[PDB]
Every structure is written in structure tokens, then in C-alpha cells.
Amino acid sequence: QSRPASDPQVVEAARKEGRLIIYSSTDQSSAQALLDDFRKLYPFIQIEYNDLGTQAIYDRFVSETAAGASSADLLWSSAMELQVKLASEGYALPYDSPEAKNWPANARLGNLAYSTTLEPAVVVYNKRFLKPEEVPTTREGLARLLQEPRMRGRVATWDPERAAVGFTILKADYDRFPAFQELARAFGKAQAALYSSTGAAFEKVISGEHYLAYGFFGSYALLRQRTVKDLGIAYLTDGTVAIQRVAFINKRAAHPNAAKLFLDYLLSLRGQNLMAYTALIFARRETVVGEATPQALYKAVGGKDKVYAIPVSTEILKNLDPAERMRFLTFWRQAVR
């Protein structure tokens, strides 16, 4: 009674194909509960989940296509600019998902590509070193905290010159909030350590070598929290940037119909519910109940209007323009060094 909306013609064509090839940036052990639940709904589809770096998904999909090859049926990546680039250059199958009827216009590239998540950039901190009542929830507050000599060497954030997703998050921050400029000069004052990888930043927070990290995903934070009780999460109340992992179907899928079923599943309440609950990835669908959900995010930040979703839109391709990147990175490098 929670099966996704399904074209019966699409289900029947997927019975015949019997195969689904995914290229995904989402760790298989996060995706596993979705793949297993999907296989239980459509036990007649054999799935090949390829768990890849976001740059590799792009480089690989572009070669197989250009060499004329059988490539993925479905592409699922947190690299929003690369997905929106492919989907706006002839790589995407147009499909109107029946589970996406209430997606906002800024969560879908028309019928080319869909948001599957709404993941906040948050603050994480080590409760042994910073109590919750002293962790500020505004950029101005963080900039003040980072003047304190006890915080020198105790801050982590992204290196937006080595992490594509860190670029996207810090750039959205810089474009939307003037107080980001104050904060970035404070990263400089505090000698912030910059990380290309969430894992290496968290390791240092958990050890107490950093006390606080800025701009990492809520989904990852919650996942680490489940096993690490010293890990605190604070949500920004002056304004929160959110990432949307983007899914689209290969225009040239050998199994377009199996990809349609999987895409519909990912967007369905059943799939988004299971994602929130098992993977602790923050859902896109507003009707999901639990901690990793739009409703929970909106209450934590003090209202929906305090979340700026990075849109599933060609507008974000300005992030790939050399002069646009340059202005941000020159401000960034002057501020944090």
C-alpha cells in the first residue's frame, strides 16, 4: 500500500529488460537498504551498483558514451554542477516522474533530472571541548568564537580548491550571506585546517584535535553521531545552505524502464522514508517523519525560509565559469591564509 506510482507499461518493459546499472556517489553500505527494498518490490531486476567518486562518475559516463558504449542506466551524484551539466548537454532521458508531482520547480530540471535529498551544511563540535550552549548558530557568532585563543588550530572546514562539493557549499554560502566574509577572515585568525574529505575533518573533531567543523553535511554528521556520543550538531539559524543529490536517467540506457522504476522508487515516500531512517541521509520529500527530514531541518533552523536549497538548475553552472570561480577563490585565499 506504499508501492511507488508505476506505469504498468513501464513495469512490463522492466520485466523484459531485467537489469539496472547505477553509477552513484552514495556509499553502497548507505544505499544497501534501498537496493534491497527495491529488489523486494521488483524481484525480477538484477542491479549493478557502481559506487564511484563524483569526478569518476562524470569522466567514466562521458567516455563510455563518446566511445559508443553501454554505460549506466541511472546516474546518482552529490556533484550538482556535473549532474546538471550532463543533463543540460543531451545525456539525460526526459521522463516525467509520477512521484515528483509536488517537487518544487527548483528541485527538478524540468523532466531531465531530480533532487533526491535536501542535505544541510551544518556545524559539528566535540561536546567534551565545546558545550552546546556555547556553539553559536550564526556566521557572526562563529566569527566571534574564532577570535578566542582557545580556538586557534581548533577549527575544520572544506578546502574548496580540492573538494568539489566543499566548493559548491562554501560558494553558495559566499553568494547568499554577507556574514560569510566575516567568517572566512575568522577561519584565517583561527588558523582553520582545510580538508578535501569529511572523514579526515571528522577524525580530528572526534580526537579533540579540532573542537568544531563548519560546512559538512548533516547526513554524515548524524551517521557518525549514531556511534559517537561526543559529536554535537548545530544548525545555522541565520541561514542554512542545502545540497541536493541529483539523479537522472541515461538518454542511452539499455534499461530505461528499470531506471524509471528506480528513479520513482528513490523519490517515493517508501524510498525517501527508508533513506531518512536507515541511511540518515536528509530526505527531499516533505512528508517524511524523522530527524533526517525537511520538517526536522526547518524546525532546527527556525523556519523553511532560513534554508537555501542549491537548485537543480543550469543557474548553478556559473560555479564552473573560470572568472566566477576566481573571484570566490581569491577572496577565500586572502581571507583564510
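Just count from 1 along the sequence shown to find any residue number.
- In this entry, 250-258 has the higher mean Cα B-factor, the comparison being between 212-220 and 250-258.
- Taking the PDB entry as given, 68-76 carries the higher mean Cα B factor of the two stretches 137-145 and 68-76.
- In this structure the maximum Cα B-factor among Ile45, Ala292, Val307, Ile310 is found at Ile45.
- Across the options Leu269, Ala300, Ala276, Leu34, the residue with the most elevated CA B-factor in the record is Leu34.
- For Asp159, the recorded CA B-factor ranks within the middle third of the chain. Only modelled residues enter the ranking.
- Sorting the modelled residues of the chain by their CA temperature factor places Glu182 in the middle third.
- Ranked by C-alpha B-factor against the other modelled residues of its chain, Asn126 falls in the middle third.
- Residue-level temperature factors show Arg176 in the middle third of its chain, judged at the C-alpha atom.
- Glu99: CA B factor lies in the middle third for its chain, per the PDB record.
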